[PDB]
């Protein structure tokens, strides 16, 4: 199909996304940058989608975190999410797509601004949410590995899919974990979607970048990085450590698995065969240019190797 402005897309119903793409890139992502607003919109896709429990309810990726923001932004695991919900709500009011479609579309358009990124498959047509998420369904950084794996498993993700989705923390920072140092990233390249997150969480912890006593925070290996306790333990736990190390210096696997598992997450609560594929509307991301590496001056002796089957790669 050819849209009114001459841009093409495989399914004509997808044309309504083009003005929305332009508005988002200009006015949500500040001129298509891979910066805070993209990182916050990617976090929003997961805090929306993960509100899905077979035994309790919630409609998954349904826009409920915007539609029922008064409720869901009260949940402590949604701390800081109110800023991006407030930023996105007027786009939803202005355009003619549901909040659940908008959240997944904005997250996919944002990831496409980041070098190394992928185009996450994107489907159009989610109905408006009809219920708020239940409470207590979003994992937090102080939760055990078994707790996080049980919650994610209850929403349909295996432990390896958990590790694949946490490639998101390659373009990510924390504002509430240590409020003295907001914006401190989880890897050294928070504007590049790459394997540095899986490398750097494997280093021995050395210091706290801000204060020392924050719930959910582990020691970091670098003054300009923060480390969540959840990530510290997942990189080391026998249930997930081999998969975590398998992502290091493995950008093709990060790309393929993140796109696929993001698509699975964007469809929680939904039925792909009822929606229209509009994947080809997402921009083409830039590619990586620089090789994966340990931080300069570090060596294998600084890595806490946690996979008995396979030594950490010589980078």
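Numbering follows the first chain given and starts at 1.
*Do the CA atoms of 2-10 or those of 306-314 have the higher mean B-factor in the entry?*
Stretch with the greater average CA B-factor: 2-10.
*Identify the stretch, either 226-234 or 80-88, whose C-alpha atoms have the larger mean B-factor according to the entry.*
Comparing averages over the C-alpha atoms only gives 80-88.
_Sorting 214, 220, 202, 196 by Cα temperature factor from the record, which one lands on top?_
Of 214, 220, 202, 196, 214 has the highest C-alpha B-factor.
*Of 259, 49, 248, 275, which one's C-alpha B factor is largest in the deposited record?*
Most elevated C-alpha B-factor of the set, per the entry: 275.
*Against its chain's modelled residues, does residue 290's Cα B factor rank lowest, middle or highest third?*
As the PDB entry reports it, the C-alpha B-factor of residue 290 lands in the middle third of its chain.
*Of the three thirds of its chain by CA temperature factor, lowest, middle or highest, which one includes residue 255?*
Answer is lowest: the recorded C-alpha B-factor places it there.
_Can you tell me whether residue 30 has a C-alpha B-factor in the lowest, middle or highest third compared with the other modelled residues of the same chain?_
As the PDB entry reports it, the C-alpha B-factor of residue 30 lands in the highest third of its chain.
*Place residue 107 in the lowest, middle or highest third of its chain's C-alpha B-factors, as listed in the PDB entry.*
For residue 107, whose C-alpha B-factor we compare with every modelled residue in the chain, the answer is the lowest third.
_residue 157, C-alpha B-factor rank within chain (lowest, middle or highest third)_ = It falls in the middle third of the chain.
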